[PDB]
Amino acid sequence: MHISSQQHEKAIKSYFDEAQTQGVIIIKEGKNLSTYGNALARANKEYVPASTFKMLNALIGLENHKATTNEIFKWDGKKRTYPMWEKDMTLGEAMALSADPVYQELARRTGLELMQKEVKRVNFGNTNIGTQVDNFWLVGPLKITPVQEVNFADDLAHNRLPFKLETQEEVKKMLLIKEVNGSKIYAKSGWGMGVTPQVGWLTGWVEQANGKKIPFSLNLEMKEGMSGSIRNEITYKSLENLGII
């Protein structure tokens, strides 16, 4: 195809520039990683995974029978940070709404010891969860790089993680966020508001009509009065610019 890589690089940098943030999107094609955006050096820097960890929390919870995909986690009736969270949901609904109370309950069912062992076993990020089973993904000590995140998405997309195949398919079904003319986008968003500066994530893959999977991971700095939806907007623009969707 005819567009220069100079032009692709410049167009993708501009999407980050126009959102007035600093960020990177890593794309993996087969075994080859490509890094785009306006702060390339973020690629191998460690950030908290924030809600991207829901993906692994779900794998672990499901593998270890801490929940089923149809179980309804009841709202306890206490005020939640966001009103969309004050309702009863499955893991899948909770994943789409990035509902931390559901995933905090799941983590507590799993428990500190099984959680530390499982995160070590899958080798996620720096693999350190500390001593608090319900908050290690927001504010430390667990960290991961944008490169390690596309490599996780690539593992999940191909069923290579060390979990039952059915566990992995179950979670993957939870992650479908967009269909764009025959392509399907599976991804999990992330927003660490605790840490300073804030981190935004969108990690996932595109499944093309012909079955090919192209993993990506977007990582940027969120600032106050950014809508969470630039994460998606920058991502879809980047994938469209590259002819992936």
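When you see a residue number, it is the position in the sequence shown, counting from 1.
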Exercise. With reference to the PDB entry, specify whether the mean Cα temperature factor is higher for 180 to 188 or for 60 to 68.
Key: 180 to 188
Practice problem: Higher average CA B factor in the deposited record is what I'm after, so tell me if that's 34 to 42 or 203 to 211. | Solution: 203 to 211
Practice problem: Determine which member of 87, 108, 143, 80 has the highest CA B-factor, using the values in the deposited entry. | Solution: 80
Quiz item: From 93, 155, 134, 149, pick the one with the largest CA B-factor in the entry?
Solution: 134
Exercise. Could you look up the Cα B-factor of residue 99 in the entry and say which third of the chain it sits in: lowest, middle or highest?
Key: middle
Quiz item: Sorting the chain's CA B-factors, does residue 223 end up in the lowest, middle or highest third?
Solution: highest
Quiz item: Going by what the PDB entry lists, where does residue 50 fall on CA B-factor within its chain: lowest, middle or highest third?
Solution: lowest
Exercise. Check where residue 172 lands among this chain's C-alpha B-factors and tell me if it's the lowest, middle or highest third.
Key: middle
